[PDB]
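K.L.:
Please find one structure pasted underneath; my questions will follow.
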Number of protein chains: 2
Amino acid sequence: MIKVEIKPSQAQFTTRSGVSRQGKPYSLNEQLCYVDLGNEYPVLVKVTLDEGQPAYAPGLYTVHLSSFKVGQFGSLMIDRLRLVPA
Amino acid sequence: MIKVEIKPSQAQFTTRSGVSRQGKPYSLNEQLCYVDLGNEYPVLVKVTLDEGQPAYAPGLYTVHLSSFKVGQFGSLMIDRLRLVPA
């Protein structure tokens, strides 16, 4: 299991916006977190939230299976890092 | 934890080869496996092995933390799926 932490300072998201190739509006909500990759300290990682989802509250989390998909070259990839409480 | 299985039919690797941009030879060893992504059946995934490593034997495995890295856009990515016995 991957240990992910939302610190008290990371309790909000920001939103970026634009227009798609064929005219549709989009909005993306992004939040920061710390992921422990086994180095001396955890590293900073950007998370893009799914539609209609609030910012994750401060606390400890792990990664949900729905974060992964098989890519176009047949290898596993992360689609979007989706988190669940630890 | 991600459940990965090497079936008895997947106990070998194949090797692809070529030459890099500035003249160096390379070889890549690839093995197939099944990863349970929570659908009705596990899906087929290609794994590229690290230098000097043998094919994983048939059995159950999970994913090692060293499989992940932060990408050039600041989001988590899989570098290479590295497996450890379950």
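Scheme for the structure tokens: letters A, B, ... for chains in order shown; per-chain residue numbers from 1; ligand numbers from 1 in order shown.
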Give me the residues within 10 Å of stretch 68-77 of chain B as JSON, numbers by chain, counting only C-alpha atoms and dropping any in the same chain fewer than 2 places off.

P.N.:
{"A": [2, 32, 35, 37, 43, 44, 45, 46, 47, 48, 76, 77, 78, 79, 80, 81], "B": [63, 64, 65, 66, 79, 80, 81, 82]}

K.L.:
Present chain B as a PDB file with N, CA and C atoms, in the first residue's frame, least-squares fitted onto chain A over all of its C-alpha atoms paired in order.

P.N.:
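Wrote superposed27.pdb, looks like this:
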ATOM      1  N   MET B   1       0.785  -1.207   0.000  1.00  0.00           N
ATOM      2  CA  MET B   1       0.000   0.000   0.000  1.00  0.00           C
ATOM      3  C   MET B   1       0.823   1.266   0.000  1.00  0.00           C
ATOM      4  N   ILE B   2       0.349   2.163  -0.857  1.00  0.00           N
ATOM      5  CA  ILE B   2       0.931   3.488  -0.972  1.00  0.00           C
ATOM      6  C   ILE B   2       0.303   4.343   0.119  1.00  0.00           C
ATOM      7  N   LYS B   3       1.131   5.009   0.928  1.00  0.00           N
ATOM      8  CA  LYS B   3       0.681   5.933   1.965  1.00  0.00           C
ATOM      9  C   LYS B   3       0.625   7.333   1.353  1.00  0.00           C
ATOM     10  N   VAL B   4      -0.531   7.992   1.399  1.00  0.00           N
ATOM     11  CA  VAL B   4      -0.686   9.349   0.880  1.00  0.00           C
ATOM     12  C   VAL B   4      -1.185  10.188   2.063  1.00  0.00           C
ATOM     13  N   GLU B   5      -0.673  11.413   2.184  1.00  0.00           N
ATOM     14  CA  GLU B   5      -1.149  12.300   3.232  1.00  0.00           C
ATOM     15  C   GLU B   5      -1.551  13.663   2.664  1.00  0.00           C
ATOM     16  N   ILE B   6      -2.737  14.121   3.084  1.00  0.00           N
ATOM     17  CA  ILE B   6      -3.165  15.493   2.786  1.00  0.00           C
ATOM     18  C   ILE B   6      -2.787  16.234   4.080  1.00  0.00           C
ATOM     19  N   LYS B   7      -1.882  17.224   3.984  1.00  0.00           N
ATOM     20  CA  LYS B   7      -1.523  18.028   5.163  1.00  0.00           C
ATOM     21  C   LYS B   7      -2.587  19.095   5.448  1.00  0.00           C
ATOM     22  N   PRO B   8      -2.684  19.700   6.652  1.00  0.00           N
ATOM     23  CA  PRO B   8      -3.618  20.789   6.903  1.00  0.00           C
ATOM     24  C   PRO B   8      -3.536  21.935   5.886  1.00  0.00           C
ATOM     25  N   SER B   9      -2.342  22.225   5.349  1.00  0.00           N
ATOM     26  CA  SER B   9      -2.139  23.292   4.358  1.00  0.00           C
ATOM     27  C   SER B   9      -2.614  22.975   2.940  1.00  0.00           C
ATOM     28  N   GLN B  10      -3.027  21.728   2.720  1.00  0.00           N
ATOM     29  CA  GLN B  10      -3.415  21.222   1.425  1.00  0.00           C
ATOM     30  C   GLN B  10      -4.893  20.909   1.306  1.00  0.00           C
ATOM     31  N   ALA B  11      -5.696  21.432   2.234  1.00  0.00           N
ATOM     32  CA  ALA B  11      -7.112  21.141   2.332  1.00  0.00           C
ATOM     33  C   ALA B  11      -8.045  21.789   1.302  1.00  0.00           C
ATOM     34  N   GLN B  12      -7.497  22.536   0.336  1.00  0.00           N
ATOM     35  CA  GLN B  12      -8.273  23.199  -0.697  1.00  0.00           C
ATOM     36  C   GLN B  12      -7.821  22.751  -2.060  1.00  0.00           C
ATOM     37  N   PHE B  13      -8.693  22.952  -3.035  1.00  0.00           N
ATOM     38  CA  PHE B  13      -8.327  22.736  -4.429  1.00  0.00           C
ATOM     39  C   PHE B  13      -8.325  24.052  -5.215  1.00  0.00           C
ATOM     40  N   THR B  14      -7.650  24.034  -6.362  1.00  0.00           N
ATOM     41  CA  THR B  14      -7.749  25.136  -7.303  1.00  0.00           C
ATOM     42  C   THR B  14      -8.396  24.610  -8.589  1.00  0.00           C
ATOM     43  N   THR B  15      -8.922  25.485  -9.410  1.00  0.00           N
ATOM     44  CA  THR B  15      -9.634  25.064 -10.624  1.00  0.00           C
ATOM     45  C   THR B  15      -9.007  25.707 -11.863  1.00  0.00           C
ATOM     46  N   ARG B  16      -8.733  24.888 -12.889  1.00  0.00           N
ATOM     47  CA  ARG B  16      -8.313  25.418 -14.174  1.00  0.00           C
ATOM     48  C   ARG B  16      -9.426  25.150 -15.173  1.00  0.00           C
ATOM     49  N   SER B  17      -9.522  26.036 -16.157  1.00  0.00           N
ATOM     50  CA  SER B  17     -10.611  26.010 -17.120  1.00  0.00           C
ATOM     51  C   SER B  17     -10.155  26.298 -18.537  1.00  0.00           C
ATOM     52  N   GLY B  18     -11.042  25.951 -19.487  1.00  0.00           N
ATOM     53  CA  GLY B  18     -10.770  26.168 -20.901  1.00  0.00           C
ATOM     54  C   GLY B  18     -11.880  25.601 -21.768  1.00  0.00           C
ATOM     55  N   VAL B  19     -11.576  25.577 -23.069  1.00  0.00           N
ATOM     56  CA  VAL B  19     -12.482  25.057 -24.082  1.00  0.00           C
ATOM     57  C   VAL B  19     -11.812  23.975 -24.921  1.00  0.00           C
ATOM     58  N   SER B  20     -12.515  22.838 -25.047  1.00  0.00           N
ATOM     59  CA  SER B  20     -12.085  21.695 -25.854  1.00  0.00           C
ATOM     60  C   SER B  20     -11.989  22.010 -27.346  1.00  0.00           C
ATOM     61  N   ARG B  21     -11.396  21.062 -28.082  1.00  0.00           N
ATOM     62  CA  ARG B  21     -11.183  21.172 -29.523  1.00  0.00           C
ATOM     63  C   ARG B  21     -12.423  21.527 -30.357  1.00  0.00           C
ATOM     64  N   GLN B  22     -13.559  20.934 -29.975  1.00  0.00           N
ATOM     65  CA  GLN B  22     -14.794  21.190 -30.681  1.00  0.00           C
ATOM     66  C   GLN B  22     -15.844  22.015 -29.937  1.00  0.00           C
ATOM     67  N   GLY B  23     -15.382  22.937 -29.083  1.00  0.00           N
ATOM     68  CA  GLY B  23     -16.244  23.921 -28.439  1.00  0.00           C
ATOM     69  C   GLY B  23     -16.728  23.686 -27.014  1.00  0.00           C
ATOM     70  N   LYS B  24     -16.688  22.493 -26.423  1.00  0.00           N
ATOM     71  CA  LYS B  24     -17.188  22.271 -25.073  1.00  0.00           C
ATOM     72  C   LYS B  24     -16.337  22.909 -23.966  1.00  0.00           C
ATOM     73  N   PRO B  25     -16.910  23.613 -22.980  1.00  0.00           N
ATOM     74  CA  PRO B  25     -16.217  24.016 -21.756  1.00  0.00           C
ATOM     75  C   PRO B  25     -15.820  22.863 -20.841  1.00  0.00           C
ATOM     76  N   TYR B  26     -14.685  23.002 -20.154  1.00  0.00           N
ATOM     77  CA  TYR B  26     -14.266  22.019 -19.148  1.00  0.00           C
ATOM     78  C   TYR B  26     -13.735  22.784 -17.941  1.00  0.00           C
ATOM     79  N   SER B  27     -13.754  22.102 -16.801  1.00  0.00           N
ATOM     80  CA  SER B  27     -13.127  22.554 -15.563  1.00  0.00           C
ATOM     81  C   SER B  27     -12.464  21.378 -14.868  1.00  0.00           C
ATOM     82  N   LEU B  28     -11.237  21.614 -14.387  1.00  0.00           N
ATOM     83  CA  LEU B  28     -10.483  20.606 -13.689  1.00  0.00           C
ATOM     84  C   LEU B  28     -10.109  21.089 -12.299  1.00  0.00           C
ATOM     85  N   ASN B  29     -10.431  20.341 -11.245  1.00  0.00           N
ATOM     86  CA  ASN B  29     -10.058  20.708  -9.867  1.00  0.00           C
ATOM     87  C   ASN B  29      -8.802  19.948  -9.436  1.00  0.00           C
ATOM     88  N   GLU B  30      -7.786  20.643  -8.943  1.00  0.00           N
ATOM     89  CA  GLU B  30      -6.515  20.042  -8.594  1.00  0.00           C
ATOM     90  C   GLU B  30      -6.166  20.274  -7.119  1.00  0.00           C
ATOM     91  N   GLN B  31      -5.665  19.237  -6.458  1.00  0.00           N
ATOM     92  CA  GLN B  31      -5.272  19.330  -5.064  1.00  0.00           C
ATOM     93  C   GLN B  31      -3.852  18.765  -4.912  1.00  0.00           C
ATOM     94  N   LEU B  32      -3.087  19.269  -3.922  1.00  0.00           N
ATOM     95  CA  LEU B  32      -1.759  18.731  -3.698  1.00  0.00           C
ATOM     96  C   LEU B  32      -1.761  17.751  -2.534  1.00  0.00           C
ATOM     97  N   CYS B  33      -0.813  16.815  -2.530  1.00  0.00           N
ATOM     98  CA  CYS B  33      -0.654  15.854  -1.450  1.00  0.00           C
ATOM     99  C   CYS B  33       0.799  15.381  -1.371  1.00  0.00           C
ATOM    100  N   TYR B  34       1.103  14.645  -0.309  1.00  0.00           N
ATOM    101  CA  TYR B  34       2.402  14.031  -0.114  1.00  0.00           C
ATOM    102  C   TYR B  34       2.252  12.519  -0.209  1.00  0.00           C
ATOM    103  N   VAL B  35       3.153  11.930  -1.013  1.00  0.00           N
ATOM    104  CA  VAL B  35       3.184  10.493  -1.234  1.00  0.00           C
ATOM    105  C   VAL B  35       4.558   9.991  -0.799  1.00  0.00           C
ATOM    106  N   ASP B  36       4.500   8.912  -0.018  1.00  0.00           N
ATOM    107  CA  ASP B  36       5.712   8.330   0.488  1.00  0.00           C
ATOM    108  C   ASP B  36       6.194   7.307  -0.537  1.00  0.00           C
ATOM    109  N   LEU B  37       7.310   7.669  -1.160  1.00  0.00           N
ATOM    110  CA  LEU B  37       7.942   6.761  -2.127  1.00  0.00           C
ATOM    111  C   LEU B  37       9.208   6.075  -1.632  1.00  0.00           C
ATOM    112  N   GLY B  38       9.310   6.069  -0.290  1.00  0.00           N
ATOM    113  CA  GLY B  38      10.419   5.422   0.388  1.00  0.00           C
ATOM    114  C   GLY B  38      11.732   6.198   0.361  1.00  0.00           C
ATOM    115  N   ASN B  39      11.751   7.501   0.033  1.00  0.00           N
ATOM    116  CA  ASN B  39      12.980   8.276   0.077  1.00  0.00           C
ATOM    117  C   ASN B  39      13.075   8.851   1.496  1.00  0.00           C
ATOM    118  N   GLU B  40      13.998   9.766   1.797  1.00  0.00           N
ATOM    119  CA  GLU B  40      14.099  10.279   3.159  1.00  0.00           C
ATOM    120  C   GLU B  40      12.896  11.077   3.609  1.00  0.00           C
ATOM    121  N   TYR B  41      12.217  11.749   2.683  1.00  0.00           N
ATOM    122  CA  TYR B  41      10.970  12.433   2.984  1.00  0.00           C
ATOM    123  C   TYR B  41       9.942  12.128   1.902  1.00  0.00           C
ATOM    124  N   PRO B  42       8.626  12.169   2.185  1.00  0.00           N
ATOM    125  CA  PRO B  42       7.557  12.125   1.188  1.00  0.00           C
ATOM    126  C   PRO B  42       7.687  13.206   0.105  1.00  0.00           C
ATOM    127  N   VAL B  43       7.200  12.947  -1.115  1.00  0.00           N
ATOM    128  CA  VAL B  43       7.268  13.930  -2.187  1.00  0.00           C
ATOM    129  C   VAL B  43       5.920  14.566  -2.538  1.00  0.00           C
ATOM    130  N   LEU B  44       5.965  15.804  -3.045  1.00  0.00           N
ATOM    131  CA  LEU B  44       4.763  16.524  -3.433  1.00  0.00           C
ATOM    132  C   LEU B  44       4.224  16.041  -4.775  1.00  0.00           C
ATOM    133  N   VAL B  45       2.916  15.720  -4.830  1.00  0.00           N
ATOM    134  CA  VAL B  45       2.211  15.172  -5.984  1.00  0.00           C
ATOM    135  C   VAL B  45       0.910  15.933  -6.227  1.00  0.00           C
ATOM    136  N   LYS B  46       0.601  16.268  -7.498  1.00  0.00           N
ATOM    137  CA  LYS B  46      -0.666  16.905  -7.845  1.00  0.00           C
ATOM    138  C   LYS B  46      -1.696  15.793  -8.149  1.00  0.00           C
ATOM    139  N   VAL B  47      -2.907  15.964  -7.618  1.00  0.00           N
ATOM    140  CA  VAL B  47      -4.055  15.083  -7.836  1.00  0.00           C
ATOM    141  C   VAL B  47      -5.125  15.897  -8.592  1.00  0.00           C
ATOM    142  N   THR B  48      -5.707  15.345  -9.665  1.00  0.00           N
ATOM    143  CA  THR B  48      -6.838  15.977 -10.329  1.00  0.00           C
ATOM    144  C   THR B  48      -8.064  15.231  -9.843  1.00  0.00           C
ATOM    145  N   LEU B  49      -9.071  15.900  -9.246  1.00  0.00           N
ATOM    146  CA  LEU B  49     -10.262  15.280  -8.700  1.00  0.00           C
ATOM    147  C   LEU B  49     -11.270  14.870  -9.784  1.00  0.00           C
ATOM    148  N   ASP B  50     -12.195  13.935  -9.518  1.00  0.00           N
ATOM    149  CA  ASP B  50     -13.218  13.556 -10.496  1.00  0.00           C
ATOM    150  C   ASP B  50     -14.385  14.522 -10.380  1.00  0.00           C
ATOM    151  N   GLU B  51     -15.210  14.621 -11.440  1.00  0.00           N
ATOM    152  CA  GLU B  51     -16.345  15.532 -11.466  1.00  0.00           C
ATOM    153  C   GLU B  51     -17.265  15.379 -10.255  1.00  0.00           C
ATOM    154  N   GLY B  52     -17.694  16.484  -9.655  1.00  0.00           N
ATOM    155  CA  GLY B  52     -18.601  16.463  -8.504  1.00  0.00           C
ATOM    156  C   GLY B  52     -17.994  16.043  -7.178  1.00  0.00           C
ATOM    157  N   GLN B  53     -16.680  15.826  -7.099  1.00  0.00           N
ATOM    158  CA  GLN B  53     -16.066  15.381  -5.854  1.00  0.00           C
ATOM    159  C   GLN B  53     -15.441  16.577  -5.109  1.00  0.00           C
ATOM    160  N   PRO B  54     -15.700  16.759  -3.811  1.00  0.00           N
ATOM    161  CA  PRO B  54     -15.026  17.733  -2.941  1.00  0.00           C
ATOM    162  C   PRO B  54     -13.528  17.481  -2.704  1.00  0.00           C
ATOM    163  N   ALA B  55     -12.799  18.453  -2.168  1.00  0.00           N
ATOM    164  CA  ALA B  55     -11.410  18.236  -1.810  1.00  0.00           C
ATOM    165  C   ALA B  55     -11.340  17.184  -0.698  1.00  0.00           C
ATOM    166  N   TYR B  56     -10.332  16.305  -0.773  1.00  0.00           N
ATOM    167  CA  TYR B  56     -10.074  15.357   0.305  1.00  0.00           C
ATOM    168  C   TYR B  56      -9.725  16.163   1.555  1.00  0.00           C
ATOM    169  N   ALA B  57     -10.277  15.797   2.720  1.00  0.00           N
ATOM    170  CA  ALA B  57      -9.955  16.405   4.001  1.00  0.00           C
ATOM    171  C   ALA B  57      -8.534  16.020   4.473  1.00  0.00           C
ATOM    172  N   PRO B  58      -7.815  16.778   5.336  1.00  0.00           N
ATOM    173  CA  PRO B  58      -6.528  16.366   5.896  1.00  0.00           C
ATOM    174  C   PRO B  58      -6.607  14.984   6.545  1.00  0.00           C
ATOM    175  N   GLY B  59      -5.562  14.178   6.364  1.00  0.00           N
ATOM    176  CA  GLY B  59      -5.521  12.842   6.918  1.00  0.00           C
ATOM    177  C   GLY B  59      -4.719  11.892   6.041  1.00  0.00           C
ATOM    178  N   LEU B  60      -4.738  10.630   6.481  1.00  0.00           N
ATOM    179  CA  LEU B  60      -4.036   9.556   5.779  1.00  0.00           C
ATOM    180  C   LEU B  60      -4.985   8.766   4.866  1.00  0.00           C
ATOM    181  N   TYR B  61      -4.438   8.428   3.688  1.00  0.00           N
ATOM    182  CA  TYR B  61      -5.187   7.778   2.617  1.00  0.00           C
ATOM    183  C   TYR B  61      -4.335   6.733   1.929  1.00  0.00           C
ATOM    184  N   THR B  62      -4.982   5.823   1.189  1.00  0.00           N
ATOM    185  CA  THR B  62      -4.262   4.909   0.310  1.00  0.00           C
ATOM    186  C   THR B  62      -4.920   5.031  -1.069  1.00  0.00           C
ATOM    187  N   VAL B  63      -4.368   4.357  -2.078  1.00  0.00           N
ATOM    188  CA  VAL B  63      -4.808   4.489  -3.468  1.00  0.00           C
ATOM    189  C   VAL B  63      -5.857   3.445  -3.850  1.00  0.00           C
ATOM    190  N   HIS B  64      -6.990   3.869  -4.452  1.00  0.00           N
ATOM    191  CA  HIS B  64      -8.031   2.940  -4.860  1.00  0.00           C
ATOM    192  C   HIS B  64      -7.658   2.238  -6.162  1.00  0.00           C
ATOM    193  N   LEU B  65      -8.094   0.990  -6.323  1.00  0.00           N
ATOM    194  CA  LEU B  65      -7.840   0.207  -7.553  1.00  0.00           C
ATOM    195  C   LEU B  65      -8.273   0.884  -8.845  1.00  0.00           C
ATOM    196  N   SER B  66      -9.348   1.681  -8.793  1.00  0.00           N
ATOM    197  CA  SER B  66      -9.843   2.422  -9.955  1.00  0.00           C
ATOM    198  C   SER B  66      -8.877   3.482 -10.512  1.00  0.00           C
ATOM    199  N   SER B  67      -7.760   3.745  -9.832  1.00  0.00           N
ATOM    200  CA  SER B  67      -6.707   4.628 -10.296  1.00  0.00           C
ATOM    201  C   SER B  67      -5.953   4.089 -11.513  1.00  0.00           C
ATOM    202  N   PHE B  68      -6.062   2.773 -11.744  1.00  0.00           N
ATOM    203  CA  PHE B  68      -5.262   2.140 -12.779  1.00  0.00           C
ATOM    204  C   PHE B  68      -6.052   1.679 -14.009  1.00  0.00           C
ATOM    205  N   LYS B  69      -5.344   1.662 -15.156  1.00  0.00           N
ATOM    206  CA  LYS B  69      -5.920   1.189 -16.407  1.00  0.00           C
ATOM    207  C   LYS B  69      -4.828   0.598 -17.261  1.00  0.00           C
ATOM    208  N   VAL B  70      -5.176  -0.264 -18.249  1.00  0.00           N
ATOM    209  CA  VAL B  70      -4.151  -0.688 -19.214  1.00  0.00           C
ATOM    210  C   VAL B  70      -4.098   0.359 -20.325  1.00  0.00           C
ATOM    211  N   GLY B  71      -2.881   0.832 -20.594  1.00  0.00           N
ATOM    212  CA  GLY B  71      -2.595   1.844 -21.604  1.00  0.00           C
ATOM    213  C   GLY B  71      -2.571   1.337 -23.020  1.00  0.00           C
ATOM    214  N   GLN B  72      -2.355   2.253 -23.965  1.00  0.00           N
ATOM    215  CA  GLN B  72      -2.356   1.853 -25.360  1.00  0.00           C
ATOM    216  C   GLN B  72      -1.183   0.999 -25.779  1.00  0.00           C
ATOM    217  N   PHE B  73      -0.101   0.820 -24.989  1.00  0.00           N
ATOM    218  CA  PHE B  73       0.967  -0.080 -25.357  1.00  0.00           C
ATOM    219  C   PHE B  73       0.889  -1.389 -24.572  1.00  0.00           C
ATOM    220  N   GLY B  74      -0.197  -1.644 -23.839  1.00  0.00           N
ATOM    221  CA  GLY B  74      -0.415  -2.897 -23.116  1.00  0.00           C
ATOM    222  C   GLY B  74       0.180  -2.938 -21.709  1.00  0.00           C
ATOM    223  N   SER B  75       0.786  -1.848 -21.238  1.00  0.00           N
ATOM    224  CA  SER B  75       1.375  -1.802 -19.888  1.00  0.00           C
ATOM    225  C   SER B  75       0.455  -1.065 -18.930  1.00  0.00           C
ATOM    226  N   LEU B  76       0.574  -1.287 -17.616  1.00  0.00           N
ATOM    227  CA  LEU B  76      -0.309  -0.622 -16.654  1.00  0.00           C
ATOM    228  C   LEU B  76       0.066   0.849 -16.523  1.00  0.00           C
ATOM    229  N   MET B  77      -0.958   1.693 -16.375  1.00  0.00           N
ATOM    230  CA  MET B  77      -0.734   3.124 -16.215  1.00  0.00           C
ATOM    231  C   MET B  77      -1.634   3.660 -15.118  1.00  0.00           C
ATOM    232  N   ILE B  78      -1.283   4.833 -14.571  1.00  0.00           N
ATOM    233  CA  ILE B  78      -2.232   5.506 -13.653  1.00  0.00           C
ATOM    234  C   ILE B  78      -3.128   6.375 -14.533  1.00  0.00           C
ATOM    235  N   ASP B  79      -4.440   6.242 -14.356  1.00  0.00           N
ATOM    236  CA  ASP B  79      -5.362   7.109 -15.058  1.00  0.00           C
ATOM    237  C   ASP B  79      -5.460   8.412 -14.248  1.00  0.00           C
ATOM    238  N   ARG B  80      -6.028   8.341 -13.063  1.00  0.00           N
ATOM    239  CA  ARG B  80      -6.067   9.473 -12.128  1.00  0.00           C
ATOM    240  C   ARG B  80      -5.878   8.892 -10.739  1.00  0.00           C
ATOM    241  N   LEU B  81      -5.091   9.469  -9.853  1.00  0.00           N
ATOM    242  CA  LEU B  81      -4.886   8.943  -8.509  1.00  0.00           C
ATOM    243  C   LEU B  81      -6.168   9.196  -7.705  1.00  0.00           C
ATOM    244  N   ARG B  82      -6.900   8.130  -7.381  1.00  0.00           N
ATOM    245  CA  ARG B  82      -8.157   8.176  -6.660  1.00  0.00           C
ATOM    246  C   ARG B  82      -7.862   7.625  -5.279  1.00  0.00           C
ATOM    247  N   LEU B  83      -8.236   8.381  -4.252  1.00  0.00           N
ATOM    248  CA  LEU B  83      -7.871   8.047  -2.882  1.00  0.00           C
ATOM    249  C   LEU B  83      -9.020   7.570  -2.028  1.00  0.00           C
ATOM    250  N   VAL B  84      -8.712   6.715  -1.049  1.00  0.00           N
ATOM    251  CA  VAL B  84      -9.693   6.237  -0.078  1.00  0.00           C
ATOM    252  C   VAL B  84      -9.087   6.278   1.324  1.00  0.00           C
ATOM    253  N   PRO B  85      -9.856   6.525   2.401  1.00  0.00           N
ATOM    254  CA  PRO B  85      -9.301   6.650   3.747  1.00  0.00           C
ATOM    255  C   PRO B  85      -8.595   5.398   4.203  1.00  0.00           C
ATOM    256  N   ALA B  86      -7.479   5.649   4.889  1.00  0.00           N
ATOM    257  CA  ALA B  86      -6.655   4.559   5.396  1.00  0.00           C
ATOM    258  C   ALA B  86      -7.166   3.845   6.660  1.00  0.00           C
TER     259      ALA B  86
END

K.L.:
Would you return as number ranges by chain the members of chain B that DSSP assigns to strand (DSSP E) on this structure's backbone?

P.N.:
B: 4-6, 14-19, 25-35, 43-48, 59-63, 68-70, 76-78, 83-85

K.L.:
With N, CA and C atoms kept, could you save the residues just selected as a compact mmCIF listing (two decimals), in the first residue's frame?

P.N.:
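again-v7.txt was written with the following content:
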# COMPACT_ATOMS: atom_id res chain seq x y z
N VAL B 4 -1.46 -9.39 -8.57
CA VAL B 4 -0.93 -9.71 -9.90
C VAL B 4 -0.67 -11.22 -9.89
N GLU B 5 -0.99 -11.89 -11.00
CA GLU B 5 -0.70 -13.31 -11.10
C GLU B 5 0.07 -13.63 -12.38
N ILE B 6 1.14 -14.42 -12.21
CA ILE B 6 1.86 -14.98 -13.37
C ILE B 6 1.24 -16.38 -13.48
N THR B 14 10.19 -12.68 -23.47
CA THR B 14 10.74 -12.50 -24.80
C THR B 14 11.64 -11.26 -24.79
N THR B 15 12.52 -11.13 -25.75
CA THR B 15 13.48 -10.02 -25.76
C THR B 15 13.36 -9.23 -27.07
N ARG B 16 13.27 -7.90 -26.96
CA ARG B 16 13.34 -7.04 -28.13
C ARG B 16 14.63 -6.26 -28.05
N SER B 17 15.16 -5.93 -29.23
CA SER B 17 16.46 -5.29 -29.34
C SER B 17 16.50 -4.20 -30.39
N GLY B 18 17.56 -3.37 -30.29
CA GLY B 18 17.75 -2.27 -31.22
C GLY B 18 18.96 -1.43 -30.83
N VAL B 19 19.05 -0.29 -31.52
CA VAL B 19 20.12 0.68 -31.30
C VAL B 19 19.55 2.07 -31.00
N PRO B 25 23.72 -0.20 -28.28
CA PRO B 25 22.78 -1.31 -28.23
C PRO B 25 21.94 -1.39 -26.96
N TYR B 26 20.69 -1.85 -27.08
CA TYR B 26 19.84 -2.09 -25.91
C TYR B 26 19.11 -3.41 -26.13
N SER B 27 18.68 -4.00 -25.02
CA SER B 27 17.80 -5.16 -24.99
C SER B 27 16.78 -5.00 -23.88
N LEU B 28 15.52 -5.32 -24.21
CA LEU B 28 14.44 -5.24 -23.27
C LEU B 28 13.76 -6.59 -23.12
N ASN B 29 13.63 -7.12 -21.90
CA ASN B 29 12.93 -8.40 -21.67
C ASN B 29 11.50 -8.14 -21.20
N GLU B 30 10.51 -8.75 -21.84
CA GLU B 30 9.11 -8.51 -21.55
C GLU B 30 8.39 -9.80 -21.15
N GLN B 31 7.55 -9.71 -20.12
CA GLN B 31 6.79 -10.86 -19.65
C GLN B 31 5.31 -10.45 -19.53
N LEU B 32 4.38 -11.41 -19.70
CA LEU B 32 2.98 -11.09 -19.54
C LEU B 32 2.48 -11.53 -18.18
N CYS B 33 1.43 -10.88 -17.68
CA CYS B 33 0.80 -11.24 -16.41
C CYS B 33 -0.67 -10.81 -16.41
N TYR B 34 -1.39 -11.25 -15.39
CA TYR B 34 -2.77 -10.87 -15.17
C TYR B 34 -2.85 -10.01 -13.91
N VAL B 35 -3.56 -8.88 -14.07
CA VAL B 35 -3.76 -7.93 -12.99
C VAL B 35 -5.27 -7.79 -12.77
N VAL B 43 -7.17 -8.67 -16.15
CA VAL B 43 -6.76 -8.29 -17.50
C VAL B 43 -5.28 -8.56 -17.79
N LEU B 44 -4.97 -8.79 -19.08
CA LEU B 44 -3.60 -9.05 -19.50
C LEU B 44 -2.78 -7.77 -19.58
N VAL B 45 -1.59 -7.77 -18.95
CA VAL B 45 -0.68 -6.64 -18.84
C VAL B 45 0.75 -7.06 -19.20
N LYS B 46 1.47 -6.23 -19.99
CA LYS B 46 2.87 -6.49 -20.31
C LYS B 46 3.74 -5.82 -19.23
N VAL B 47 4.75 -6.55 -18.77
CA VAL B 47 5.75 -6.09 -17.80
C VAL B 47 7.12 -6.07 -18.52
N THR B 48 7.89 -4.99 -18.40
CA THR B 48 9.25 -4.96 -18.91
C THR B 48 10.14 -5.17 -17.69
N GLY B 59 2.84 -17.64 -9.87
CA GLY B 59 2.42 -17.38 -8.52
C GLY B 59 1.77 -16.02 -8.38
N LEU B 60 1.45 -15.71 -7.12
CA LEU B 60 0.81 -14.44 -6.77
C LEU B 60 1.84 -13.42 -6.26
N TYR B 61 1.62 -12.17 -6.70
CA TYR B 61 2.53 -11.06 -6.45
C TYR B 61 1.76 -9.79 -6.16
N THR B 62 2.44 -8.80 -5.56
CA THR B 62 1.87 -7.47 -5.43
C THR B 62 2.91 -6.50 -6.00
N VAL B 63 2.58 -5.21 -6.08
CA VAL B 63 3.42 -4.20 -6.72
C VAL B 63 4.35 -3.50 -5.72
N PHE B 68 6.75 3.38 -8.85
CA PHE B 68 6.20 4.71 -9.05
C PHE B 68 7.23 5.84 -9.01
N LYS B 69 6.90 6.92 -9.75
CA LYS B 69 7.73 8.12 -9.78
C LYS B 69 6.85 9.32 -10.02
N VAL B 70 7.33 10.54 -9.67
CA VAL B 70 6.58 11.74 -10.08
C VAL B 70 7.03 12.11 -11.49
N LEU B 76 1.56 11.51 -10.21
CA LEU B 76 2.22 10.21 -10.05
C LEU B 76 2.07 9.38 -11.32
N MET B 77 3.13 8.64 -11.65
CA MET B 77 3.11 7.78 -12.82
C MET B 77 3.72 6.44 -12.48
N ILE B 78 3.43 5.42 -13.30
CA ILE B 78 4.16 4.14 -13.15
C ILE B 78 5.41 4.26 -14.02
N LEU B 83 7.52 -6.19 -9.31
CA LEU B 83 6.72 -7.09 -8.49
C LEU B 83 7.47 -7.73 -7.35
N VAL B 84 6.75 -8.04 -6.27
CA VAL B 84 7.31 -8.75 -5.12
C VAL B 84 6.34 -9.84 -4.67
N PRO B 85 6.78 -10.99 -4.14
CA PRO B 85 5.89 -12.08 -3.77
C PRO B 85 4.88 -11.67 -2.72

K.L.:
Could you pull out the helix (DSSP H, G or I) residues of chain B from DSSP and send them as a short mmCIF file (atom, residue, chain, number, x, y, z; two decimals) with N, CA and C atoms, in the first residue's frame?

P.N.:
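Listed below is the output, out_3.cif:
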data_model
loop_
_atom_site.label_atom_id
_atom_site.label_comp_id
_atom_site.auth_asym_id
_atom_site.auth_seq_id
_atom_site.Cartn_x
_atom_site.Cartn_y
_atom_site.Cartn_z
N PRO B 8 0.96 -20.35 -15.17
CA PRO B 8 1.95 -21.29 -15.68
C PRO B 8 2.36 -21.04 -17.13
N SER B 9 1.44 -20.55 -17.98
CA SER B 9 1.72 -20.27 -19.40
C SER B 9 2.53 -19.00 -19.67
N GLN B 10 2.78 -18.22 -18.61
CA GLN B 10 3.44 -16.94 -18.69
C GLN B 10 4.82 -16.92 -18.06
N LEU B 65 6.77 -0.51 -4.20
CA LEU B 65 6.77 0.97 -4.21
C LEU B 65 7.67 1.61 -5.25
N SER B 66 8.80 0.97 -5.57
CA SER B 66 9.73 1.45 -6.59
C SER B 66 9.16 1.51 -8.02
N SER B 67 7.95 0.99 -8.25
CA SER B 67 7.24 1.08 -9.51
C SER B 67 6.80 2.50 -9.86
#
